[PDB]
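Worksheet: the structure to be examined is printed underneath.
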Amino acid sequence: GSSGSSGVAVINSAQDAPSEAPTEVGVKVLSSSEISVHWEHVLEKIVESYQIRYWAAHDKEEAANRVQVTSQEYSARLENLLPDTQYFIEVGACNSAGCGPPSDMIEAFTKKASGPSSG
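Here it is as structure tokens:
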């Protein structure tokens with residue numbers, strides 16, 4: 072109903088912060104509920120890990136899951152997804168010190184889930 076910012080005034084303290092984003096990021100659809108998320112390591116070795124968010128077209132970025140994998144893993148893996156469903160993925164590196172900007176918004180398309188259906 073009502074909101075008053077008046078020039079956000081927050082005091083934060085950090086040693087370093089990410090300024091570069093992981094380019095050349097692409098997602099590969101392994102299976103109906105399996106998908107791999109690769110990305111290029113940022114020039115910032117300060118980043119603790121990479122947060123790979125993923126959600127359905129209907130879902131909201133706020134309700135989107137989060138996958139934090141060791142900064143060593145050039146790529147990640149997604150599970151527990153829906154078949155033939157659009158999923159907005161995004162890879163963004165960041166450390167416990169400062170937060171970094173998200174990478175380009177990419178969309179994924181899982182495959183159709185098959186079953187024992189005989190006829």
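Quick note: the sequence shown uses my numbering, first residue 72, plus one each step.
Using N, Cα and C, we set each Cβ at its ideal position, and we do this for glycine too.
Following the DSSP letters along the chain, one finds residue 99 inside the beta strand (DSSP E) bounded by residues 97–102. Residues of the same chain with a CB within less than 8 angstroms of the CB of residue 154, apart from the 5 flanking positions on each side, are 103, 104, 181, 182, 183 and 184 in chain order. When rounded, the separation of the alpha-carbon atoms in residue 81 and residue 166 is 19 angstroms.
Between the alpha carbons of residue 137 and residue 122 lies a gap of roughly 6 angstroms. In this structure, the alpha-carbon of residue 179 lies about 30 angstroms from that of residue 190.
Taking a cut-off of 8 angstroms for Cβ pairs, the segment 112–127 and the segment 140–158 touch, as three or more such pairs fall below it.
Looking at the DSSP output, residue 106 sits in a beta bridge with 100 and 149. Counting the other Cβ atoms within 10 Å of the Cβ of residue 134 gives fewer than 16, which makes it exposed.
Taking 8 angstroms as the upper bound for CB-CB distance, residue 92 and residue 113 are in contact here, some 7 angstroms apart. Under DSSP, residue 161 forms a beta bridge with 124.
For residue 136, the uninterrupted beta strand (DSSP E) segment begins and ends at 136–141.
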